[PDB]
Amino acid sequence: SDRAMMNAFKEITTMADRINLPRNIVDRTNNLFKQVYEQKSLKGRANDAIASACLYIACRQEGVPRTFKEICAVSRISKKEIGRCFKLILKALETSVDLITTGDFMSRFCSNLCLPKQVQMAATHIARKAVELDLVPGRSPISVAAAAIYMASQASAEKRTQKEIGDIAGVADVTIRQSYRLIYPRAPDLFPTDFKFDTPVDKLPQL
């Protein structure tokens, strides 16, 4: 019955393809799964839940983090159960993962939003500075990234909607408005010094 791994790898494969994940990721996921499985460390749970958590871990270990929401999307399991398994697995395998950062999502988010490299860089910059100046303490890095992207895009010709960004980043627009409100007071100090302001820093949305 342990060769139920095959069914796990199939499921892993399925999920991975729904979001076109490179092979290194799927391989890592399979290894993680095999290791946890053979260890019999997480008794009483559902294999697909474990597999989905393994997937989530793999993306982070391979340096390109997916949010739990994203892994949830391609999975039959809930965020809550994936999260529970996630923590349980790190402990069983005596592993860890680097804390997530705003930068970890800047690339993919901006791509999905079809934003020009120039904006992507501005956002990335705004987020990093914002955190450095401790403007958004306690906020999720995903939230801060979403707000930075919003700020950036609104200062560019390629403007984006709180709703648009929120759908791609997987955060509610009020969540965006909250972080945005916190970074807005320092907008001038947050953009890259040589930035082409389609909309002047002032005329920026005053949520």
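The numbering used is simple: start at 1 and walk along the sequence shown.
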| query | Taking only the CA atoms, which stretch has the higher mean B-factor in the record, 85-93 or 114-122? | reply | 114-122
| query | Averaged over C-alpha atoms, is the B-factor higher for 127-135 or for 76-84 in this PDB entry? | reply | 127-135
| said: If I read the C-alpha B-factors straight from the PDB entry, which of 29, 61, 156, 178 is highest? | reply: 156
| query | When the modelled residues of the chain are sorted by Cα temperature factor, does residue 143 land in the lowest, middle or highest third? | reply | lowest
| said: Split into thirds by Cα B-factor across the chain's modelled residues, where does residue 66 land: lowest, middle or highest? | reply: middle
| field | CA B-factor placement of residue 43, once the chain's modelled residues are sorted into thirds | value | middle
